[PDB]
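In what follows, one protein chain appears twice in different forms, each by itself as structure tokens: structure 1 and structure 2.
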Structure 1
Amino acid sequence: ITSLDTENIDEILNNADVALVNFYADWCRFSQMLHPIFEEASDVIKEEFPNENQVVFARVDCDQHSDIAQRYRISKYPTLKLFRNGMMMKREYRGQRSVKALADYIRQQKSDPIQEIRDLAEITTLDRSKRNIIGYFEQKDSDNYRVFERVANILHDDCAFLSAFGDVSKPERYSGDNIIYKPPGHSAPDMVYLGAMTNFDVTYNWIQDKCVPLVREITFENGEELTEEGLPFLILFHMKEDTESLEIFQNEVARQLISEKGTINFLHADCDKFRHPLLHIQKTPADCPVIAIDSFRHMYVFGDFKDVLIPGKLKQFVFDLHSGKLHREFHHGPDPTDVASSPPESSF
């Protein structure tokens, strides 16, 4: 049960197929309760999963490395996060902190969610009220299959994943390995992915696009769970009758922000229900549509909504977050366009 420093963390988590990370602090009484329990689970599991990088338990002293904790937006202790090959999973571990409960959790997360087809007839009897994604491969031992198996482990909660190999899948491989999305119901045709199947990012992107919405609604009921995903929010606040704002926002996010997809969460929020957050940026529902970023540290305002129509402005807003420009302008006021400087401000 390893300890992650600011230098060895990327090496360790990337090489771990599954890693359960304990983000703790010494002053958290509940953190100290966990260290023996996290050790015992670590050994119960180290025996059931002996091989190198099958399951890897680590921990992060969030006092020592405030930057690491800031990276995954850890704000309270202890917080247990799941990583697959160095990528944090949306769903935080919120089960009980018992040696038993941790072990059962790792047990599930290590189970194979992919159903292997043994006869192509099975595809005609799939449950069409769920979404189904079928991967047709020459062989299971292929870079193609390994990318697919990664995507399936990340997304099994969102979609059913199936596989077929060799002689079974040959009739569907006229043009090589491919992936078929069977949409729910009977109203749309299958979509076929014949692209960069060794490319995790592109393949993950296409599959994920089929089974989670690009812009989700944040509500009181799902806010905490969305915060637990570890990313800042890019939010459109808008009235329910206001469908044009959402349409514009959805299109500009889809056109401009695909490369940023995994570093920020795209959300929309009913401005009547979110009157209080709108206060924090000196807005009322009458002011909507409003675009804002919520970095958890602060909430930053985009400007006139009609500026989303200007090409690249939405991208630049996201870029200004990650560059630190939005934070700087929040305490120090707008950067110069092209005498001596004032003190930083609480809100400005």
Structure 2
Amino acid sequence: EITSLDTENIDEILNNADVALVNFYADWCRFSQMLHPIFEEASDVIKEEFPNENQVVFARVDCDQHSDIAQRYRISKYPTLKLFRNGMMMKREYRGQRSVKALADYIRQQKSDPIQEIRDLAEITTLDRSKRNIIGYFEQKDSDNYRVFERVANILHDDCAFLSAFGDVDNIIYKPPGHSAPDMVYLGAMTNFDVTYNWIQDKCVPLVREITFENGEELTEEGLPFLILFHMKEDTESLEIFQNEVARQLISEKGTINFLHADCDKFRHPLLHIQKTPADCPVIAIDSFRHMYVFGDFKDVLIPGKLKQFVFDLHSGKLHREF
């Protein structure tokens, strides 16, 4: 059946489930009520294709009742369906059609194996530029190494291609987009999911990247408060100071914050939204999509303190001020 989550059972139920599709709803909204039956039926259809009781879990949250849970996951609309693998929340919501077969095919898709097998050294000839690649080398496809690799693949298969092989001395290797930079071979323990996912996570998804008003859309619907370096595109120095410094201070915020840099001249009006002009760049600000907060003078980013406490003051809601 559909578990109704609350503050007490939320964590355990989502953590022990290998897949959990949870429906964040409010019943004063008709789209939610229209969703509930299709959700129940899709849940049954998947429950027969499964369970061993933990494979796939359909749950629900009434955000009227539990607003705590709602804001924890930053639910801005109703309904929203979210995918939790082991209790990590996948950053891509279900935006698909709302129907029993669409939801069903979706659960089947995410329960599928994203890793693609290969014959010894076969096409490692040409993949590159284009996307990133990573390939694990396993003498057998039943091993703790390969199940770890398969979890990391399930989360990360969108930002990289995962493959598997046999015959090399068990190890996974990373190939970036091009033939310029080589591997980059993982030396860590392949029985530890956290260090392995941190490692491949490190190559797949950049810590900061460029906002442009074209993909402004995609990144706005990530649902995260922005921290932006506005800089002229000839200026690469501010940008690597920024990358290095958010890697030092804020890396624990990797998934609660989108760290982005913007070309200072195209985003003039985003910069017009504050006291700054395109020649005031380098400029650091948080965009909560409600207001923008300047960091102050750029160079203060070099003291070990300032940038870390700058973001905890958005998380503490410190001073507004001014405009």
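By rigid core we mean the largest C-alpha set that fits within 1.5 Å across both forms. The first residue in the sequence of structure 1 is number 1, and each one after it adds one.
The residue among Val147, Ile106, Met88, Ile74 whose Cα moves by 2 angstroms or more between the two structures, once the core is superposed, is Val147. When two forms of a protein are overlaid on their rigid core, residues whose CA moves 2 Å or more are considered shifted, and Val318 is one of them between the two structures. Once you line up the core between the two structures, the Cα of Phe296 ends up 2 Å or more from where it was. After superposing the rigid core, the Cα of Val215 is displaced by less than 2 Å between the two structures. The shift recorded for the CA atom of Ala269 between the two structures is 3.0 Å, with superposition on the rigid core. Per-residue C-alpha deviation between the two structures, core superposed: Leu120, 6.0 Å.
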